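S.K.: Okay, structure incoming, though there's no sequence with it:
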Ligand SMILES: [Mn+2]
Ligand SMILES: [Mn+2]
Ligand SMILES: [Mn+2]
């Protein structure tokens, strides 16, 4: 009993486990998927039978850490045969995360944590970085509350790009899935585009509901075939696990019915505008459970929330590779685009990095950080916000002055390439090295700089210009998987 | 509770929400749409979960005002990125407003999967109503009307085209860009025409037409008639009399149901006045109107012998007429709506009153002592915004009442109506006081600002000559109104 010997379950998780086996038995489930988010947010793991799950509930399941050392295309940034080699770690199931996948045949699903065989936590496990952030927020008196609002694209699959000629090779991107848009229209919020796409959208809507996910709204975003699904507030690690499931389920559900959902920021398809992942955040007293961001008369935020906003602004440059992991996501670093090109904050202004949604006495007063990207890793994005903010609280960082025109603000600019965001983390190594782990940032810096290098040798430096056209390297790196 | 705090709900609005939630539960709905009419009459909004709509019945639901500052093809008319000091004097920014659900508008949409629908009113977070909300501008007319003792009784005669879809123009090179017109949906007529009212045309199109009829009927919309119009594939669908806000709400839902149902079975319904398709003539939205006494429920237009209308109805007609050029951009908001002059037809392009003459803007239907004595405005285009069309008639007609404006002798030197949306805006600019007073002064300057840009876009596309109303429908007009209106 690996799990019991190393004290990896709480009584809650233990009784959870007892019940997940009871649900498996009455539901007649034949497979149970066991997954974890890699460095990119992509769900990797194994599909177990129900005899093996019951054994994994004592021993765990062995997996190699090779995904962590590969890129999206499988090039070896780190040597796997010798930050090196391919040790084999234990997948430790978290029974509290179980869900009965409704688009699959008799298949359950539940997330896994990564552990060395000694029992200590694997230091690259992105979920572990969110646990670390949530634990430190619980030691300062706060619970992290997140409203998930996801902008993504919806397309019908023309060709799945399966011919041997299209398969690529480790380091050689495969062809993008061939798609076509489902609706046109730069008319935003049009009910007619909703009813047009609801043939497929009603299947995604029904799937989110069956997962007992707290779906809030389904909206026609601005661009042709661009969509917005928002969710009610969730708390802490739970919200990250839920973003994860939300993006996986949308993609899997669409594909079963012959559609392609992508969270790639800006697909290389004419008429497609950049997608954003704005992150609605507030803090709540771990005891009192009341928004500690609520302002008074004259305030747009409580002093606490003001401090949170300061560290969100202060650290957002080092944090950019986390809020915007992808190359392609930096075409959002632009003026006059409803996206943030500089560290500005404002009450009700979409051209800002931090947007305040608040009112005097309003228990829903909160911050909207808009430097986020839809394809971000939900554990690195949200822990970014937890680490960034709690720094502002701790160091009483004034956010400065609410900006009436963020695109004229003389505030510090945000990075405009993924190279720049990596540079900014190198020269502000601390805080993220104290919180994410020194080993992680060394790893993170080395791996992501390798992918920048591949974009550069494929497209050149002048293609990196954010206003530029979306390159084919972006399409054949992010469209299929993200 | 946002809605109790600013008392945005009467008790009836509260006796409804309780049963709105009750049949949501009874029927097992999973989505409720919350929609609102933008400057164009086009239904914007969100689709909310049950759990989430239960919240909006207390706190509302937020939404940006971008549609109001965007064109049909989403050019940015007003700077969206600079927050405003007095928004109503600079018109800049993307403020978040609250959508206040109105339960008296609840419907289960027949053609959709387990999905409900209601209308929302746009309010500032301050609790005070947003100054451009067209449904608010209708709410205002109905008030000033009830504050003079009258209810608005409205009869709708709505013409439109029903066509089969050949291509939805979804290829990426068709999608357009912000400010760029997307390609028009490719279509095919469904019947031949130039054989007006032909029963066999009706039976010919009833495969989908019955699906529209049935959908309108399930919505409890008071459908009066379906008729076969003159031009190929042109229909007219008329409705029984409706009152005040309900008639404009229904007008909106009428067009919404008609387009959504047709598209769901692969047809394209369009309220474009005159599509750029061979043989298609101009479609109209005629509005019969009368005033009733708000306490006796009785038609105040009914004429005695000697006069064609009562002196109340006669005054209204004068207010309909003396502001008709000003109001033109609210009864005929599209460039396309002015193409109405053709070699085989008569357009109501005269600002005049008549019983038989088809060129007069208003037709009178009145026999002595007849309880259905009324007037009929005919400059209405079908792709018109219902709130602003109806409120333009109440506002025009109340002027004539309060000022005893004389319409003059029935015309079978006739003053003419604006021939273009440019001229229509010229007319409103130079005679703005009554609309600035009753529609809001910020709305009128926002309206003239928005549409004058829509005209320069059209002019920049096809040139001054093709802008002439007599001329053929250009490609700018097709790619501006065909798909959305
Ligand atoms: Mn959005
Ligand atoms: Mn007719
Ligand atoms: Mn008529």
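M.R.: Looks like it came in fine. Numbers count the residues shown, from 1 in each chain, chains lettered A, B, ... in the order given. Ligands and ions are numbered 1, 2, ... in the order given.
S.K.: Number of residues surrounding the closest residue to chain B within chain A?
M.R.: Here chain A gets closest to chain B at one residue, residue A:271, 3.0 Å apart by C-beta to the nearest C-beta. C-beta here means a position set from N, CA and C on the backbone, and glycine is covered the same way. Residue A:271 is flanked by 24 other residues according to other C-beta atoms under 10 Å in any protein chain shown.
S.K.: and it, what does it touch?
M.R.: For residue A:271, the contacting residues are A:181, A:184, A:223, A:224, B:172, B:175, B:176, B:177, B:182, taking C-beta atoms under 8 Å, 6 or more residues apart in numbering or on different chains as the criterion.
S.K.: For my notes, confirm the fourth one occurs in a helix.
M.R.: So that's residue A:224. No: the assignment for residue A:224 by DSSP: H, G, I helix; E, B strand; the rest coil gives coil, which leaves it out of any helix.
S.K.: which residues touch it?
M.R.: Residue A:224 sits in contact with A:181, A:183, A:184, A:185, A:186, A:271, A:272, B:170, B:175, B:176, B:182, where contact means C-beta under 8 Å, 6+ apart.
S.K.: quick one: secondary structure of the fifth one?
M.R.: The one in question is residue A:186. Per three-state DSSP, the local secondary structure of residue A:186 is coil.
S.K.: So it sits against residue A:221, correct?
M.R.: No: using C-beta atoms under 8 Å, residue A:186 is not in contact with residue A:221; the gap is 10.3 Å.
S.K.: Can you pick out the residue with more neighbours from these two?
M.R.: The residue with the greater number of neighbours, taking residue A:186 and residue A:221 and applying other C-beta under 10 Å, is residue A:186; the counts read 25 against 21.
S.K.: Let me see the contact set for that one.
M.R.: Listed by C-beta under 8 Å, 6+ apart, the contact partners of residue A:186 are A:222, A:223, A:224, B:70, B:73, B:74, B:176, B:177, B:178, B:179, B:180, B:182.
S.K.: Residue A:152: how many residues sit nearby?
M.R.: By other C-beta under 10 Å, 25 other residues sit near residue A:152.
S.K.: what lines up beside the helix or strand where it lies in the sheet?
M.R.: Element membership for residue A:152, per DSSP states H and E: strand A:142-159. Strand A:142-159 has the following strand partners under DSSP bridges: strand A:178-181 (antiparallel), strand A:226-235 (antiparallel), strand A:259-262 (antiparallel), strand A:279-285 (antiparallel).
S.K.: Include mean neighbour count when you put those strands into CSV, please.
M.R.: Compiled in CSV, the strands paired with strand A:142-159 are given as follows (neighbours: other C-beta atoms under 10 Å in any protein chain shown):
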stretch, mean neighbour count
strand A:178-181, 19
strand A:226-235, 20
strand A:259-262, 23
strand A:279-285, 22
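S.K.: For the stretch 101-250 of chain A, what lies in contact range of chain B?
M.R.: Counting by C-beta under 8 Å from any C-beta of the partner chain, the positions of the stretch 101-250 of chain A adjacent to chain B are A:180-192, A:194-196, A:198, A:202, A:205-206, A:209, A:214-219, A:222, A:224, A:232.
S.K.: Take the residues you listed and, keeping just the buried ones, write it as a ChimeraX select command.
M.R.: Per 16 or more other C-beta atoms under 10 Å in any protein chain shown, the buried members of those correspond to this ChimeraX selection:
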select /A:181,182,183,184,185,186,187,188,189,190,191,192,194,195,196,198,202,205,206,209,214,215,216,217,218,219,222,224
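S.K.: how about the helices in the stretch 151-300 of chain A?
M.R.: Taking DSSP state H, counting those that start in this stretch as the criterion, the stretch 151-300 of chain A carries its helices at A:191-210, A:237-256.
S.K.: Identify the residues contacting residue A:211.
M.R.: Residue A:211 touches A:99, A:101, A:102, A:245, A:249, counting by C-beta under 8 Å, 6+ apart.
S.K.: returning to that earlier point: buried sites along the strand holding residue A:152?
M.R.: Within strand A:142-159, the residues that qualify as buried are A:142-157, counting by 16+ other C-beta under 10 Å.
S.K.: repeat for stretch A:61-70
M.R.: Those would be A:61, A:63, A:65, A:66, A:67, A:68, A:69, A:70, for stretch A:61-70 by 16+ other C-beta under 10 Å.
S.K.: Give me the residues contacting the helix or strand where the fifth one lies.
M.R.: It stands for residue A:67. Secondary structure from DSSP H and E places residue A:67 in helix A:66-69. Where contact means C-beta under 8 Å, 6+ apart, the residues beyond helix A:66-69 that reach it are A:38, A:39, A:42, A:44, A:76, A:77, A:78, A:80, A:86, A:124, A:443.
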